[PDB]
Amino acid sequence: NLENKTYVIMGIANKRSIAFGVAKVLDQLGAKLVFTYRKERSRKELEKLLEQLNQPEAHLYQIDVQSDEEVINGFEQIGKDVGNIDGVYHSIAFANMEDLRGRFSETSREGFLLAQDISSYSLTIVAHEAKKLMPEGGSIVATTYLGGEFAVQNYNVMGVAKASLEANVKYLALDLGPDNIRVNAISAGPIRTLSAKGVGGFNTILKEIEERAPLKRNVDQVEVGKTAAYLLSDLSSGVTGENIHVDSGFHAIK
(Lines of atoms letter the chains of each structure in order from A and count residues from 1; the text may use other names and numbers.)
(Lines give C-alpha, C1' and ligand atoms only; values in the text may rest on other atoms or scores of the structure.)
Protein backbone atom coordinates (compact mmCIF):
# COMPACT_ATOMS: atom_id res chain seq x y z
CA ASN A 1 0.00 0.00 0.00
CA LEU A 2 1.52 3.25 -1.20
CA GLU A 3 -0.93 5.84 0.17
CA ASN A 4 1.03 9.02 1.08
CA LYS A 5 3.83 7.84 -1.25
CA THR A 6 4.85 9.87 -4.36
CA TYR A 7 6.69 8.51 -7.45
CA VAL A 8 8.21 10.23 -10.51
CA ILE A 9 7.70 8.01 -13.60
CA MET A 10 9.95 8.92 -16.53
CA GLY A 11 9.40 7.54 -20.06
CA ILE A 12 5.71 7.02 -20.91
CA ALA A 13 4.98 7.58 -24.66
CA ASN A 14 1.67 5.71 -25.03
CA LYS A 15 -0.56 2.96 -23.58
CA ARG A 16 2.04 0.26 -24.56
CA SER A 17 4.94 1.87 -22.64
CA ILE A 18 6.38 -0.28 -19.84
CA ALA A 19 6.33 2.87 -17.71
CA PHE A 20 2.50 2.98 -18.10
CA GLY A 21 2.37 -0.60 -16.73
CA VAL A 22 4.25 0.81 -13.72
CA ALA A 23 1.86 3.68 -13.37
CA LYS A 24 -1.42 1.62 -13.52
CA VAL A 25 0.03 -0.51 -10.72
CA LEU A 26 1.35 2.24 -8.46
CA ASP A 27 -1.88 4.18 -9.13
CA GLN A 28 -4.02 1.20 -8.09
CA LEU A 29 -1.88 0.88 -4.91
CA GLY A 30 -2.74 4.49 -4.01
CA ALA A 31 0.50 6.30 -4.86
CA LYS A 32 0.56 9.92 -6.05
CA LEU A 33 2.34 9.93 -9.43
CA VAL A 34 4.17 12.68 -11.30
CA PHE A 35 5.10 12.16 -14.97
CA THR A 36 8.01 13.29 -17.13
CA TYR A 37 8.21 13.27 -20.97
CA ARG A 38 10.36 14.49 -23.85
CA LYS A 39 8.07 14.99 -26.86
CA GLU A 40 4.92 17.04 -26.70
CA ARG A 41 3.19 14.10 -28.44
CA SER A 42 3.93 12.06 -25.31
CA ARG A 43 2.50 14.76 -23.03
CA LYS A 44 -0.71 14.66 -25.06
CA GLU A 45 -0.76 10.90 -24.66
CA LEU A 46 -0.26 11.31 -20.86
CA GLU A 47 -3.22 13.67 -20.68
CA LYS A 48 -5.43 10.97 -22.31
CA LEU A 49 -4.10 7.95 -20.40
CA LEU A 50 -4.49 9.89 -17.12
CA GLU A 51 -8.30 9.54 -17.62
CA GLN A 52 -7.87 5.83 -16.75
CA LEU A 53 -5.95 6.59 -13.55
CA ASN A 54 -7.12 7.55 -10.05
CA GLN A 55 -4.73 10.55 -10.12
CA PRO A 56 -6.89 13.56 -9.15
CA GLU A 57 -4.26 15.95 -10.59
CA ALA A 58 -2.05 15.77 -13.66
CA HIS A 59 1.55 16.45 -12.67
CA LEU A 60 3.38 16.53 -16.01
CA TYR A 61 6.93 17.81 -16.61
CA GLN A 62 8.94 18.01 -19.80
CA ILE A 63 12.41 16.59 -19.15
CA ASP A 64 14.74 15.72 -21.96
CA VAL A 65 17.46 13.84 -20.09
CA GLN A 66 20.07 15.01 -22.64
CA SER A 67 19.92 18.50 -21.04
CA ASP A 68 21.44 19.07 -17.60
CA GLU A 69 19.18 22.13 -17.13
CA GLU A 70 15.96 20.32 -17.96
CA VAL A 71 16.78 17.54 -15.44
CA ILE A 72 18.09 20.04 -12.82
CA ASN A 73 15.06 22.30 -13.30
CA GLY A 74 12.42 19.58 -13.84
CA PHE A 75 13.12 17.93 -10.50
CA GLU A 76 13.48 21.27 -8.72
CA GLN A 77 10.12 22.32 -10.08
CA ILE A 78 8.66 18.94 -8.95
CA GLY A 79 9.92 19.52 -5.40
CA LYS A 80 8.22 22.89 -5.34
CA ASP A 81 4.92 21.59 -6.78
CA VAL A 82 4.50 18.31 -4.81
CA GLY A 83 7.30 18.41 -2.18
CA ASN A 84 9.41 15.37 -1.26
CA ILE A 85 9.19 12.16 -3.26
CA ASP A 86 9.63 8.48 -2.41
CA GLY A 87 11.25 7.23 -5.62
CA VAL A 88 11.83 7.45 -9.36
CA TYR A 89 11.00 4.88 -12.06
CA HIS A 90 13.39 5.39 -14.99
CA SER A 91 12.18 3.88 -18.28
CA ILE A 92 14.22 5.85 -20.78
CA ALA A 93 16.56 4.64 -23.53
CA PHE A 94 17.57 5.49 -27.11
CA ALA A 95 19.90 4.53 -29.99
CA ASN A 96 19.89 5.48 -33.70
CA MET A 97 18.31 2.92 -36.05
CA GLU A 98 21.31 3.58 -38.32
CA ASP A 99 23.65 2.17 -35.66
CA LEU A 100 21.11 -0.38 -34.34
CA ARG A 101 20.43 -1.80 -37.81
CA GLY A 102 24.07 -2.40 -38.87
CA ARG A 103 26.99 -4.55 -37.71
CA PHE A 104 27.97 -3.72 -34.13
CA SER A 105 31.56 -3.30 -35.33
CA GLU A 106 30.27 -0.54 -37.67
CA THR A 107 28.69 1.52 -34.86
CA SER A 108 29.50 5.25 -35.10
CA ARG A 109 31.16 7.21 -32.28
CA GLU A 110 28.30 9.71 -32.04
CA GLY A 111 25.70 6.91 -32.07
CA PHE A 112 27.56 4.95 -29.42
CA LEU A 113 27.89 8.02 -27.21
CA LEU A 114 24.29 9.10 -27.86
CA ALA A 115 23.16 5.69 -26.62
CA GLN A 116 25.33 6.07 -23.50
CA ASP A 117 24.07 9.59 -22.85
CA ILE A 118 20.32 8.89 -22.99
CA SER A 119 20.32 5.28 -21.91
CA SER A 120 22.89 5.29 -19.09
CA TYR A 121 24.19 8.68 -17.95
CA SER A 122 20.60 9.92 -17.63
CA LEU A 123 20.15 7.74 -14.51
CA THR A 124 23.19 9.26 -12.77
CA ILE A 125 22.08 12.84 -13.18
CA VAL A 126 18.43 11.99 -12.39
CA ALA A 127 19.65 10.23 -9.18
CA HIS A 128 21.74 13.26 -8.26
CA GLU A 129 18.82 15.71 -8.70
CA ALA A 130 16.17 13.33 -7.31
CA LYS A 131 18.38 12.71 -4.25
CA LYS A 132 17.57 16.36 -3.41
CA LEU A 133 13.86 15.48 -2.82
CA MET A 134 14.52 12.36 -0.78
CA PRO A 135 16.07 13.63 2.46
CA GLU A 136 14.63 10.53 4.26
CA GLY A 137 15.75 7.95 1.70
CA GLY A 138 14.07 6.27 -1.20
CA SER A 139 14.09 4.06 -4.19
CA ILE A 140 15.31 4.42 -7.80
CA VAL A 141 14.52 1.79 -10.39
CA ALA A 142 15.79 1.60 -13.98
CA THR A 143 14.56 -0.66 -16.75
CA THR A 144 17.12 -2.85 -18.48
CA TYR A 145 17.25 -5.93 -20.75
CA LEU A 146 19.23 -9.23 -20.97
CA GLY A 147 21.22 -7.70 -23.82
CA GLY A 148 23.23 -5.78 -21.18
CA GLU A 149 24.47 -9.13 -19.76
CA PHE A 150 24.90 -11.22 -22.95
CA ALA A 151 25.41 -10.38 -26.60
CA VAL A 152 21.84 -10.69 -28.05
CA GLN A 153 21.55 -10.71 -31.88
CA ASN A 154 20.56 -7.23 -33.29
CA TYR A 155 20.57 -5.39 -29.94
CA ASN A 156 24.13 -4.12 -30.69
CA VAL A 157 24.90 -0.60 -29.34
CA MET A 158 21.93 -0.72 -26.95
CA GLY A 159 23.44 -3.85 -25.42
CA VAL A 160 26.61 -1.90 -24.54
CA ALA A 161 24.40 0.95 -23.22
CA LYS A 162 22.52 -1.54 -21.00
CA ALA A 163 25.80 -3.03 -19.66
CA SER A 164 26.68 0.53 -18.76
CA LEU A 165 23.23 1.14 -17.18
CA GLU A 166 23.49 -1.97 -15.06
CA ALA A 167 26.95 -0.96 -13.73
CA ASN A 168 25.51 2.55 -13.20
CA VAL A 169 22.87 1.02 -10.84
CA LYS A 170 25.56 -0.72 -8.81
CA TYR A 171 27.82 2.33 -8.44
CA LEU A 172 24.81 4.49 -7.60
CA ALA A 173 23.84 1.83 -5.04
CA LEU A 174 27.20 1.95 -3.23
CA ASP A 175 27.24 5.82 -3.45
CA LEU A 176 23.72 6.61 -2.20
CA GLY A 177 23.31 3.66 0.18
CA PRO A 178 24.59 5.67 3.19
CA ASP A 179 21.79 8.15 2.33
CA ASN A 180 19.23 5.33 2.46
CA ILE A 181 18.63 5.54 -1.31
CA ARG A 182 18.29 2.07 -2.84
CA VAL A 183 18.98 1.69 -6.59
CA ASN A 184 17.98 -1.35 -8.62
CA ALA A 185 16.98 -2.53 -12.08
CA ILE A 186 14.24 -4.61 -13.74
CA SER A 187 15.48 -6.63 -16.67
CA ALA A 188 12.16 -6.89 -18.53
CA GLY A 189 11.37 -9.59 -21.10
CA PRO A 190 10.63 -8.43 -24.62
CA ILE A 191 7.30 -6.52 -24.83
CA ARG A 192 5.64 -4.94 -27.93
CA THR A 193 6.14 -1.23 -27.36
CA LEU A 194 6.65 1.77 -29.62
CA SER A 195 10.43 1.32 -29.16
CA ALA A 196 10.40 -2.46 -29.87
CA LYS A 197 10.01 -1.45 -33.52
CA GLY A 198 13.66 -0.42 -33.45
CA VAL A 199 14.94 -3.91 -32.70
CA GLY A 200 15.63 -6.20 -35.68
CA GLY A 201 13.88 -9.57 -35.49
CA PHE A 202 11.79 -8.66 -32.48
CA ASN A 203 9.00 -11.07 -33.53
CA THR A 204 11.51 -13.92 -33.50
CA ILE A 205 12.68 -12.81 -29.99
CA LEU A 206 9.08 -12.95 -28.74
CA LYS A 207 8.53 -16.39 -30.22
CA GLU A 208 11.66 -17.80 -28.65
CA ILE A 209 10.52 -16.76 -25.14
CA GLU A 210 7.33 -18.71 -25.63
CA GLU A 211 9.18 -21.74 -26.92
CA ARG A 212 12.15 -21.84 -24.52
CA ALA A 213 11.45 -19.73 -21.35
CA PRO A 214 10.48 -21.69 -18.27
CA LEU A 215 6.98 -20.19 -18.10
CA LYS A 216 6.66 -20.75 -21.87
CA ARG A 217 4.94 -17.37 -22.29
CA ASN A 218 5.88 -13.72 -22.77
CA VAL A 219 5.53 -11.07 -20.04
CA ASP A 220 3.66 -7.82 -19.98
CA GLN A 221 3.97 -4.27 -18.73
CA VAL A 222 1.76 -4.85 -15.69
CA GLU A 223 4.11 -7.68 -14.61
CA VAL A 224 7.00 -5.18 -14.74
CA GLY A 225 4.85 -2.75 -12.79
CA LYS A 226 4.08 -5.33 -10.05
CA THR A 227 7.83 -5.87 -9.51
CA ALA A 228 8.45 -2.10 -9.68
CA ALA A 229 5.94 -1.73 -6.85
CA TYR A 230 7.93 -4.21 -4.83
CA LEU A 231 11.30 -2.43 -5.49
CA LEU A 232 9.78 1.06 -4.94
CA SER A 233 8.20 0.09 -1.66
CA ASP A 234 9.33 -1.00 1.82
CA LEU A 235 8.86 -4.67 0.91
CA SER A 236 12.36 -4.56 -0.63
CA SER A 237 14.08 -2.52 2.12
CA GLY A 238 17.23 -4.72 2.18
CA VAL A 239 17.61 -4.96 -1.60
CA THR A 240 19.81 -2.49 -3.48
CA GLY A 241 22.17 -2.87 -6.42
CA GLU A 242 20.01 -5.73 -7.69
CA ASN A 243 18.72 -6.70 -11.15
CA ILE A 244 15.41 -8.59 -11.12
CA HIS A 245 14.53 -10.32 -14.38
CA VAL A 246 10.84 -10.02 -15.09
CA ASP A 247 11.14 -12.33 -17.93
CA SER A 248 9.43 -15.74 -17.50
CA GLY A 249 12.72 -17.28 -16.40
CA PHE A 250 14.56 -16.90 -19.77
CA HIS A 251 17.67 -15.37 -18.10
CA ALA A 252 18.15 -18.60 -16.18
CA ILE A 253 18.32 -20.92 -19.15
CA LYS A 254 20.53 -21.55 -22.16
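All residue numbers refer to positions in the sequence shown, first residue = 1. Take the two forms, find the largest set of C-alpha atoms that superpose within 1.5 Å, and that set is the rigid core.
- Rigid core fits of the other structures in 9 other deposited structures of this protein place the C-alpha atoms of one stretch farther away on average; of 222 to 230 and 35 to 43, that stretch is 35 to 43.
- Annotation: of the segments 155 to 163 and 173 to 181, 155 to 163 departs further from this form in 9 other deposited structures of this protein (C-alpha atoms, root mean square over structures and residues, core superposition).
- The question of which stretch, 32 to 40 or 46 to 54, has the higher mean Cα B factor is settled in favour of 46 to 54.
- The stretch with the higher mean CA B factor, choosing between 130 to 138 and 148 to 156, is 130 to 138.
- Highest C-alpha temperature factor among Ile186, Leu215, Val222, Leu194 per the entry: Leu194.
- When the C-alpha B-factors of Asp117, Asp81, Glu98, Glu106 are ranked from the entry, the top spot goes to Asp81.
- In this PDB entry, the Cα temperature factor of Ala252 sits in the bottom third of its chain's modelled residues, the lowest group.
- Sort the modelled residues of the chain by CA B factor and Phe112 lands in the middle third.
- Sorting the modelled residues of the chain by their CA temperature factor places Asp175 in the middle third.
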